[PDB]
Amino acid sequence: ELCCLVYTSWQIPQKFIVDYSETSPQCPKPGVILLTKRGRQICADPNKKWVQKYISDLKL
Amino acid sequence: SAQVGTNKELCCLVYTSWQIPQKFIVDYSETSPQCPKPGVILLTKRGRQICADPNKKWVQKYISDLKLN
């Protein structure tokens, strides 16, 4: 059910991101949800290199 | 609004089940064109949201009464 419609243009500083979630493949759009230290859940574009770079390291 | 850019924040997934008393609504806003179903977000004075179906007569009436004054 949970999906992204608008992606953030804010390249959230990596150390302000505590985790991320991927959205269902049934969503019309692909999306990852970034969770910030302030507890916001912010949709971001997985086709964006900066988002991909954060995910690659956030896994470590 | 913990959520930013998601359907749950930009769409009406479930309308109010009942007609709201008119005194509560002072404004409204549109939902995303990407939403699977129609919806308008009605706004209370406290800045709080109630999702509603634009196809309802009372919804159109409420909005019209606000705009025409």
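For this coordinate set, the PDB header names X-ray crystallography as the determination method and states a resolution of 2.1 Å.

**Quick look at the state of the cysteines**
Applying the stated criterion to the full structure yields four disulfides over all chains. What pairs with A:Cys4 in a disulfide is A:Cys43, and their sulfur atoms sit 2.1 Å apart. Taking the torsion about the sulfur-sulfur bond, which here is approximately -85 degrees, the covalent link between A:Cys4 and A:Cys43 counts as left-handed. Of this pair, A:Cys4 sits in the segment before β1 (17–22) while A:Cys43 is found in strand β3 (residues 41–44), placing the two residues 39 residues apart along the sequence. Its relative accessible area of 1% is what places A:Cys4 among the buried residues. Sulfur-sulfur distance for the disulfide between B:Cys11 and B:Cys35 comes to 2.0 Å. Its S-S torsion of approximately -85 degrees makes the covalent link between B:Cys11 and B:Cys35 left-handed. Taken together, the residues B:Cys11 in the loop between α1 (7–10) and β2 (25–30) and B:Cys35 in the loop between β2 and β3 (40–44) connect sequence positions 24 residues apart. Each member of the pair, B:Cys11 as well as B:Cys35, is classed as buried.

**Things to note about the interface of chain A and chain B**
Taken together, the contact between chain A and chain B spans 13 residues of the former and 13 residues of the latter. Summing both partners gives a buried area of about 1,000 Å² for chain A against chain B, and 53% of it is carried by carbon and sulfur. Interface area lost by chain A to chain B is led by A:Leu2, A:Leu5 and A:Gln41, which between them contribute 50%. In this structure, the connection of chain A to chain B is made through zero salt bridges. Taken together, the connections running from chain A to chain B amount to 11 residue pairs in polar contact. A per-element tally of the side of chain A that touches chain B places β3(A) first, with three residues.

What counts and what doesn't
Residues numbered from 1 in each chain as written, not as in the entry; some residues may be left out. Chains lettered and ligands numbered in written order. Heavy atoms only, no water. Disulfide = S-S within 2.5 Å. Helix = DSSP H or I, 4+ residues; strand = E, 2+ residues; numbered from the N terminus. Buried < 20%, exposed > 50% of the residue type's maximum accessible area, 1.4 Å probe, protein only. Contact = heavy atoms within 4.5 Å. Buried area = accessible area lost by both parts, 1.4 Å probe. Salt bridge = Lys/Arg side-chain N within 4 Å of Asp/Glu carboxyl O. Polar contact = N/O pair within 3.5 Å; in protein donor to acceptor, adjacent residues only side chain to side chain.

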